[PDB]
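This document starts with one chain, in the form deposited in one PDB entry, laid out as structure tokens.
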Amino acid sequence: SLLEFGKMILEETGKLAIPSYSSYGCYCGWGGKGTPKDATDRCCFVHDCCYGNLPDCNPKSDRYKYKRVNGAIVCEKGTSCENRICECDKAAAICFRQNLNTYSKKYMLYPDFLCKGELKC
């Protein structure tokens, strides 16, 4: 759920999910349209696609458990949905940490109208 996702993000990047990653670019948070603006936005795009692979799952509200082993995120065994949701979120948290150097404040609260084009999953 967003509670676990939020905590991963803070742990990885030291930034709070709201508001650093909930209104960023074309894909982070609510949105989903056009071309991702930068690496961080691509992480959100792939994250949206990952959830999109799980029709019959409720990734926003379904809670999973994860632990840290040697600093590494390890998803603990739950239902099938919980496992797969945790793996999507884990990948996004790492992707954010990997692209932290290029995170730009310029893309915070980005315009909807400037999210143009198309990109399939």
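Heads up: residue numbers just count along the shown sequence, starting at 1.
The same protein has a further form, the form solved in complex with a small molecule, not shown here; the description that follows concerns it.
May I ask you to check whether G71 falls inside a 4.5 Å heavy atom distance of the small molecule in the deposited complex? No.
Can you check whether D38 is within 4.5 Å of the small molecule in the deposited complex, heavy atom basis? Residue-level check for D38: no, no contact with the small molecule.
Using heavy atoms and a 4.5 Å limit, would one call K60 a contact residue for the small molecule in the deposited complex? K60: contacts the small molecule in the deposited complex.
I'd like to know whether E87 contacts the small molecule in the deposited complex, with contact meaning heavy atoms within 4.5 angstroms. Heavy-atom contact with the small molecule at 4.5 Å: absent for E87.
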